[PDB]
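Participant: Below are the structure tokens for one structure; questions will follow.
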Amino acid sequence: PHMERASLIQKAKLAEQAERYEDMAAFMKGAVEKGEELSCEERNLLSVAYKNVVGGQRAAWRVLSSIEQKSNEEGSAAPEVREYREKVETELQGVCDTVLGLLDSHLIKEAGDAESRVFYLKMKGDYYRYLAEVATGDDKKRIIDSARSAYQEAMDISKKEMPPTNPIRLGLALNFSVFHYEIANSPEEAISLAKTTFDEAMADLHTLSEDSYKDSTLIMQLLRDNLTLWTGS
Amino acid sequence: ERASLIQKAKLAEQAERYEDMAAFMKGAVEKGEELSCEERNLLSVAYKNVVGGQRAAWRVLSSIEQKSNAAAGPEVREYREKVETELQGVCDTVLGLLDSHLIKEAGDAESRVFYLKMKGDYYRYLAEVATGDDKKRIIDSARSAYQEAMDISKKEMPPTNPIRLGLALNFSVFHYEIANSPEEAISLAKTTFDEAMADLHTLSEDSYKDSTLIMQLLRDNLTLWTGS
Amino acid sequence: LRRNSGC
Amino acid sequence: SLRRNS
């Protein structure tokens with residue numbers, strides 16, 4: 001048998017090594033469902049697992065939707081694209097709904113510490129943002145807002161409890177700025193957030209230790225890359 | 001319908017959704033019509049990628065499992081068994097497709113060799129994980145397919161044929177890895193390469209490219225196996 | 001050339 | 001010496 005918590009975490013680590021992220025997410029969902037708090041290491045296993053799962057689905061959906069755009073333009077040729085893009089969409093939506101379900105049923109705890117609350121709320125914003133990437137209906141407004149709320153709630157915590165060099169704070173601001181640019185269609189808000197975030201973390205880089213510096217400068221480079229792309233430096 | 005399944009398999013390929021692609025190709029095969037050379041490759045690519053990932057994962061887990069003593073619990077064995085069962089199920093599906101629809105009395109030697117190579121290949125995948133007494137029969141089921149394909153390729157095809165070349169490459173891999181006959185493996189790879197080399201002069205731009213590709217895989221294997 | 005987000 | 005080709 002061996003579907004006790006420790007064994008589920010062991011199997012999620014093993015699934016990661018084997019690049020079986022569908023399986024890893026399943027083990028992590030089962031581990032979450034045991035009701036114990038996730039350690040920082042455990043949190044990352046859950047995040048990595050689902051990030052990879054949705055990652056592949058989103059990637060596929062983008063491929064199909066671009067093809068569909070070509071198919072429906074003025075003066076092109078003569079349903080499979082739409083049908084199959086809908087299959088992938090439904091599948092992707094199901095995964096987000098699963099992650100969001102876990103976050104609201106077990107992971108988001110008023111009781112949790114600042115770094116973990118931020119982690120999960122950033123996660124809630126990411127997965128709603130993923131739903132908003134494919135949302136076309138009247139639901140788009142509700143979804144967009146559900147992501148805004150989660151990121152903003154996470155922002156508020158990160159800005160009080162964390163230093164501007166915190167990789168979790170940095171990561172959140174990066175994603176929230178991507179949300180503004182892509183989803184909310186607020187490039188001005190996005191550029192500013194990314195600029196401020198980077199500039200504030202830069203002003204504190206001197207204090208950081210060997211390990212801290214590596215994780216922080218990683219995200220800062222992602223912010224800088226985005227800023228270069230968005231502004232045209 | 002069939003058209004739509006092939007269309008969707010091509011779309012799944014573009015989206016790198018090989019699990020879906022294999023499913024569509026299985027459904028297209030199940031329509032009963034002959035797959036076109038293009039359509040065969042779609043089926044092969046789809047399943048090759050699916051099993052490819054499973055085998056890769058199984059090798060990772062089995063290595064973790066064998067490097068016992070540096071820890072190993074029931075999760076390594078249990079999870080390696082999960083992946084194994086899953087992988088075995090895919091092979092069983094492909095082989096089912098092959099016996100039920102693809103391997104037919106007489107077609108063109110190219111399609112004929114392709115599907116028997118395929119049969120050998122998927123039995124070899126099963127052999128890769130096989131541990132019991134079944135190992136013997138699975139190994140034999142692969143030997144038979146590869147040999148039946150060999151017989152066709154050696155009669156109907158020139159030694160430069162990429163399908164003939166590819167088959168010989170995989171059968172030599174079978175002789176080395178699976179059958180544990182390195183002598184037989186080295187010889188097959190040597191003969192195959194040497195015979196295709198003796199006919200390279202005849203080939204056109206398109207032909208040459210495909211043939212020399214496999215010839216390099218044969219040469220790389222020979223270098224690895226002989227230690228030169 | 002695609003915007004960066006979560007690692 | 002790396003993995004055999006197939």
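Going through the structure tokens in order, the chains are called A, B, and so on, while each chain numbers its residues from 1 and the ligands are numbered from 1 in the order shown.
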Residues at most 8 Å from residue B:25, counting only C-alpha atoms, excluding those fewer than 5 positions away in the same chain, as a list in words?
Facilitator: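 Once the adjacent positions are removed, what remains is residues 5, 6, 9, 42, 43 and 46 of chain B.
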Participant: Per residue of chain D within 7 Å of chain B, what are the shortest atom pair and its distance in Å to one decimal, counting only C-alpha atoms, with rows by chain and residue number, as a Markdown table?
Facilitator:
| residue | atom | partner | partner_atom | distance |
| --- | --- | --- | --- | --- |
| D:1 | CA | B:224 | CA | 6.0 |
| D:4 | CA | B:221 | CA | 6.0 |
| D:5 | CA | B:217 | CA | 6.0 |
| D:6 | CA | B:170 | CA | 5.5 |
Participant: Grab the residues selected above and save them as an mmCIF file, in the first residue's frame with N, CA and C atoms.
Facilitator:
data_model
loop_
_atom_site.group_PDB
_atom_site.id
_atom_site.type_symbol
_atom_site.label_atom_id
_atom_site.label_comp_id
_atom_site.auth_asym_id
_atom_site.auth_seq_id
_atom_site.Cartn_x
_atom_site.Cartn_y
_atom_site.Cartn_z
ATOM 1 N N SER D 1 31.705 7.141 -23.699
ATOM 2 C CA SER D 1 30.735 6.121 -23.307
ATOM 3 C C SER D 1 29.392 6.679 -22.729
ATOM 4 N N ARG D 4 23.273 3.951 -25.496
ATOM 5 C CA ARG D 4 23.176 3.385 -26.845
ATOM 6 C C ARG D 4 22.052 4.026 -27.677
ATOM 7 N N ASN D 5 22.285 4.232 -28.977
ATOM 8 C CA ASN D 5 21.305 4.859 -29.882
ATOM 9 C C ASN D 5 20.282 3.839 -30.422
ATOM 10 N N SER D 6 19.006 4.255 -30.562
ATOM 11 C CA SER D 6 17.964 3.409 -31.149
ATOM 12 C C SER D 6 16.864 4.245 -31.818
#
Participant: Contacts of residue B:109 at 10 Å or less, counting only C-alpha atoms, minus same-chain residues fewer than 6 places along, as a PyMOL selection string?
Facilitator: chain B and resi 115+149+152-157+163-164
Participant: Can you write just those residues out, N, CA, C and O atoms, as a CSV table (one decimal), in the first residue's frame?
Facilitator:
chain,number,residue,atom,x,y,z
B,115,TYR,N,5.9,-1.9,-39.5
B,115,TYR,CA,5.1,-2.4,-38.5
B,115,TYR,C,5.7,-3.6,-37.7
B,115,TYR,O,5.3,-3.8,-36.6
B,149,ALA,N,10.7,-9.0,-39.8
B,149,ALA,CA,10.9,-7.7,-40.5
B,149,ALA,C,12.3,-7.8,-41.3
B,149,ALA,O,12.3,-7.3,-42.4
B,152,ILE,N,11.9,-9.6,-44.6
B,152,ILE,CA,11.3,-8.8,-45.6
B,152,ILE,C,12.3,-7.7,-46.1
B,152,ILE,O,12.4,-7.6,-47.3
B,153,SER,N,12.9,-7.0,-45.2
B,153,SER,CA,13.9,-6.0,-45.6
B,153,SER,C,15.0,-6.5,-46.4
B,153,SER,O,15.4,-5.8,-47.3
B,154,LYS,N,15.5,-7.7,-46.1
B,154,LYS,CA,16.6,-8.3,-46.8
B,154,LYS,C,16.3,-8.8,-48.2
B,154,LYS,O,17.1,-8.8,-49.1
B,155,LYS,N,15.0,-9.1,-48.4
B,155,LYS,CA,14.5,-9.5,-49.7
B,155,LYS,C,14.2,-8.3,-50.6
B,155,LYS,O,14.9,-8.0,-51.5
B,156,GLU,N,13.1,-7.7,-50.2
B,156,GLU,CA,12.5,-6.5,-50.8
B,156,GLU,C,13.2,-5.1,-50.8
B,156,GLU,O,12.8,-4.3,-51.6
B,157,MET,N,14.1,-4.9,-49.9
B,157,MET,CA,14.8,-3.6,-49.8
B,157,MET,C,16.3,-3.5,-50.1
B,157,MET,O,17.0,-4.5,-49.8
B,163,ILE,N,14.5,2.4,-43.6
B,163,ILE,CA,13.6,1.5,-42.9
B,163,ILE,C,14.4,0.2,-42.6
B,163,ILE,O,14.4,-0.2,-41.4
B,164,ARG,N,15.1,-0.3,-43.6
B,164,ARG,CA,16.0,-1.5,-43.4
B,164,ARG,C,17.1,-1.2,-42.4
B,164,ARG,O,17.3,-1.9,-41.4
Participant: Can you list, as a ChimeraX atom specification, every protein, DNA or RNA residue that comes within 9 Å of residue C:7 when you count only C-alpha atoms, leaving out same-chain residues fewer than 3 positions away?
Facilitator: /A:48,51,171,219 /C:4
Participant: At a cut-off of 7 Å, which residues of chain C touch chain A? Count only C-alpha atoms and give the answer as number ranges by chain.
Facilitator: C: 3-6
Participant: Name the residues of stretch 41-216 of chain A that come out as helix (DSSP H, G or I) in a backbone DSSP run; write them as an MDAnalysis selection string.
Facilitator: chainID A and resid 41:72 80:107 114:134 139:161 167:183 187:202 210:216
Participant: Please report as a PyMOL selection string which residues of chain A come no farther than 9 Å from chain B, using only C-alpha atoms.
Facilitator: chain A and resi 1-3+7-8+10-11+14-15+17-20+56-57+59-64+79-81+84
Participant: Find the distance between atom CA of residue A:33 and atom CA of residue A:106 and write it in Å to one decimal.
Facilitator: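 According to the coordinates, atom CA of residue A:33 and atom CA of residue A:106 are separated by 7.3 Å.
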Participant: Mind checking which residues fall within 12 Å of residue B:202, counting only C-alpha atoms, ignoring those fewer than 3 positions away in the same chain, and posting them as number ranges by chain?
Facilitator: B: 158-161, 196-199, 205-208, 211
Participant: Write to file, as an mmCIF file, in the first residue's frame, the residues of the selection just made, with N, CA and C atoms.
Facilitator:
data_model
loop_
_atom_site.group_PDB
_atom_site.id
_atom_site.type_symbol
_atom_site.label_atom_id
_atom_site.label_comp_id
_atom_site.auth_asym_id
_atom_site.auth_seq_id
_atom_site.Cartn_x
_atom_site.Cartn_y
_atom_site.Cartn_z
ATOM 1 N N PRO B 158 16.807 -2.377 -50.568
ATOM 2 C CA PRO B 158 18.269 -2.270 -50.731
ATOM 3 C C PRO B 158 18.927 -2.019 -49.362
ATOM 4 N N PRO B 159 20.243 -2.323 -49.174
ATOM 5 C CA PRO B 159 20.860 -2.099 -47.845
ATOM 6 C C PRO B 159 20.922 -0.635 -47.385
ATOM 7 N N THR B 160 20.628 0.309 -48.290
ATOM 8 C CA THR B 160 20.613 1.746 -48.003
ATOM 9 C C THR B 160 19.236 2.235 -47.556
ATOM 10 N N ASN B 161 18.206 1.373 -47.613
ATOM 11 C CA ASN B 161 16.858 1.773 -47.229
ATOM 12 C C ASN B 161 16.839 2.192 -45.768
ATOM 13 N N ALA B 196 25.570 -0.800 -46.456
ATOM 14 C CA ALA B 196 24.954 0.446 -46.876
ATOM 15 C C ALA B 196 26.035 1.361 -47.446
ATOM 16 N N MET B 197 27.288 1.297 -46.902
ATOM 17 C CA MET B 197 28.446 2.089 -47.368
ATOM 18 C C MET B 197 28.801 1.745 -48.807
ATOM 19 N N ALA B 198 28.717 0.450 -49.145
ATOM 20 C CA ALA B 198 29.010 -0.110 -50.461
ATOM 21 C C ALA B 198 28.017 0.317 -51.554
ATOM 22 N N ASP B 199 26.919 1.008 -51.181
ATOM 23 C CA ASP B 199 25.846 1.442 -52.081
ATOM 24 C C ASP B 199 25.509 2.919 -51.949
ATOM 25 N N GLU B 205 19.966 13.083 -53.201
ATOM 26 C CA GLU B 205 20.061 14.022 -52.070
ATOM 27 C C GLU B 205 19.190 13.609 -50.894
ATOM 28 N N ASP B 206 17.885 13.420 -51.149
ATOM 29 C CA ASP B 206 16.887 13.068 -50.143
ATOM 30 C C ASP B 206 17.210 11.732 -49.478
ATOM 31 N N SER B 207 17.471 10.678 -50.296
ATOM 32 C CA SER B 207 17.776 9.302 -49.862
ATOM 33 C C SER B 207 18.997 9.266 -48.920
ATOM 34 N N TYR B 208 20.127 9.850 -49.401
ATOM 35 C CA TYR B 208 21.419 9.950 -48.731
ATOM 36 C C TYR B 208 21.296 10.492 -47.334
ATOM 37 N N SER B 211 19.530 7.954 -44.901
ATOM 38 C CA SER B 211 20.339 6.742 -44.778
ATOM 39 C C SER B 211 21.601 6.931 -43.943
#
Participant: Got a sec: who's within 9 Å of residue B:31, counting only C-alpha atoms, leaving out chain neighbours fewer than 4 positions off, as a ChimeraX atom specification?
Facilitator: /B:1-2,26-27
Participant: Would you work out the distance separating atom CA of residue B:32 from atom CA of residue B:110, expressed in Å to one decimal?
Facilitator: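 So the answer is 18.7 Å.
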Participant: Could you tell me how far atom CA of residue B:66 sits from atom CA of residue A:16, in Å to one decimal place?
Facilitator: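 A separation of 18.3 Å between them.
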